[PDB]
Amino acid sequence: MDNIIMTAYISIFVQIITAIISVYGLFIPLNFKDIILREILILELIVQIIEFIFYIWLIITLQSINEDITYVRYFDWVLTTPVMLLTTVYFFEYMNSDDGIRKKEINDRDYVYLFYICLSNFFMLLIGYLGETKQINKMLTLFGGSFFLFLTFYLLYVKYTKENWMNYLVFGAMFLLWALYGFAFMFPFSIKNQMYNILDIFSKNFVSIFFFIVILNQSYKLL
Ligand SMILES: *C/C=C(C)/C=C/C=C(C)/C=C/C1=C(C)CCCC1(C)C
């Protein structure tokens, strides 16, 4: 319980730093080819805002924790994870494109496929939620949740990697990170919530820093 609070504080600290860096990133000048990076960073900021709200709620709630509140993370995940899957698509397309493609042209063209990526993800979270609130056994949760995790990442792979080895490396790192959310689900209250507190730093905040550094690097090249 003390370690859940401690890791929450560490997570909130990293979130504050990353939020400030991200706001700064919005003002960095980019060539026409690179503007989609700012479009991505704005969506990451929106993810950060929802994450920050949950973590403020968490640190207040923990002060008087009289129940397993793990399930409340899903109110965050249900909103943030679909946005994070879209930013991944946008980045893959940015890497695959010669002319400065923007998210609007990707959305207009692929909205149906994007919907199916997010629908697969939703079913993963729904099954996970049923498991976390103990409406179904852990083994059925892992099985169902794992299937939709695999379905989501397969859909992302076959459409958007386009034999780009940079896309492959980002894909493998992201898949492993998301999979560890599945492994965390197997642990008791305290360990599981410490894991989620720190995994969120990697999946959300460190990913924001990556986009910030790429923006900085592309801005320097420009000038
Ligand atoms: C910022 C929050 C993120 C990226 C959350 C991702 C959550 C998951 C990848 C959850 C995965 C699960 C399984 C693979 C099976 C067990 C149930 C879940 C939902 C924990």
Side-chain angles (χ1 to χ4, degrees), residues 18-51 76-125 148-179 200-222:
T18 56
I20 299 341
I21 291 177
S22 293
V23 167
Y24 178 57
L26 297 182
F27 296 79
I28 297 177
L30 291 171
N31 194 40
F32 77 94
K33 298 198 231 154
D34 296 326
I35 192 53
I36 192 164
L37 290 178
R38 185 187 298 165
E39 294 184 324
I40 285 163
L41 186 58
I42 291 173
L43 287 170
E44 290 295 313
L45 251 193
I46 290 165
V47 161
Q48 277 220 226
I49 294 185
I50 292 161
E51 175 193 22
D76 160 349
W77 299 352
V78 77
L79 301 178
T80 58
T81 58
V83 176
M84 296 167 70
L85 287 162
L86 303 192
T87 61
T88 309
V89 169
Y90 301 159
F91 184 66
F92 281 8
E93 283 287 273
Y94 164 69
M95 295 300 283
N96 292 333
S97 305
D98 307 342
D99 213 21
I101 190 172
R102 301 191 52 188
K103 75 171 180 152
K104 166 149 210 308
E105 28 245 62
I106 296 167
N107 286 349
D108 290 354
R109 193 191 57 232
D110 294 355
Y111 68 90
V112 174
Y113 201 87
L114 297 187
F115 165 78
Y116 282 121
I117 289 169
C118 292
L119 184 62
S120 180
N121 189 64
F122 178 75
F123 276 106
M124 178 185 76
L125 291 184
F148 283 111
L149 181 70
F150 284 38
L151 181 55
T152 299
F153 276 78
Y154 159 80
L155 285 174
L156 178 58
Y157 182 87
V158 292
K159 181 103 184 150
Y160 291 122
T161 51
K162 285 205 255 282
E163 312 191 325
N164 185 315
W165 94 83
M166 231 99 66
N167 289 353
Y168 284 157
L169 267 26
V170 171
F171 177 87
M174 187 174 175
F175 185 49
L176 170 65
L177 182 50
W178 283 45
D200 280 355
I201 301 174
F202 280 87
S203 76
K204 298 177 166 86
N205 307 297
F206 281 176
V207 167
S208 291
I209 293 168
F210 168 77
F211 284 126
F212 174 83
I213 291 172
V214 175
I215 278 165
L216 238 202
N217 192 62
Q218 288 306 298
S219 187
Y220 170 91
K221 283 193 224 175
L222 199 206

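Numbering starts at 1 and runs along the sequence shown.
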Non-neighbouring partners of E105 that pass side chain to side chain donor-acceptor pair (under 3.5 Å), sequence neighbours left out
none
Go through the structure and list residues passing side chain to side chain donor-acceptor pair (under 3.5 Å) with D99, not counting sequence neighbours.
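Per chain and number, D99 pairs via side chain to side chain donor-acceptor pair (under 3.5 Å) with no residue.
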Just wondering, more than 12 heavy atoms not from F32 lying within 6.0 Å of its CZ?
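Yes, the 6.0 Å shell around CZ holds more than 12 heavy atoms from other groups.
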Using a 6.0 Å cut-off, check whether atom NZ of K33 has over 12 heavy atoms from anything other than its own residue.
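For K33, atom NZ is not crowded (no more than 12 foreign heavy atoms under 6.0 Å).
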Hey, what's the ring geometry for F175 with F153, parallel, tilted or perpendicular (30° and 60° as the breaks)?
tilted
Which label fits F92 and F171: parallel for a plane angle under 30°, tilted from 30 to 60°, or perpendicular past 60°?
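Ring orientation of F92 relative to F171: tilted.
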When you compare the side chains of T80 and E51, does any donor N or O come within less than 3.5 Å of an acceptor on the partner?
no
Answer with yes or no whether the side chains of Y94 and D34 bring together a donor and an acceptor at under 3.5 Å.
yes
Is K162 salt-bridged to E93, cutoff N-O under 4.0 Å?
yes
Would you sort out whether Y90 and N107 count as a side chain to side chain donor-acceptor pair (under 3.5 Å), showing the intermediate values?
CA-CA 9 Å; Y90 301 159; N107 286 349; 2.7 Å; yes
Given the rule in the ring-ring contact (aromatic ring centres under 6.0 Å, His included) test, do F150 and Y154 qualify, once you have shown the distances and angles that lead to the verdict?
CA-CA 6 Å; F150 284 38; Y154 159 80; over 10 Å; no
In the structure I gave you, are the side-chain heavy atoms of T18 and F212 within less than 4.5 Å of one another anywhere?
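In short, these two side chains do not touch, never coming nearer than 4.5 Å.
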Please answer whether the main-chain N or O of [Y] pairs with a side-chain N or O of [X] as donor and acceptor at a distance below 3.5 Å.
X    : Y    : result
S22  : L45  : no
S120 : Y116 : no
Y160 : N96  : no
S219 : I215 : no

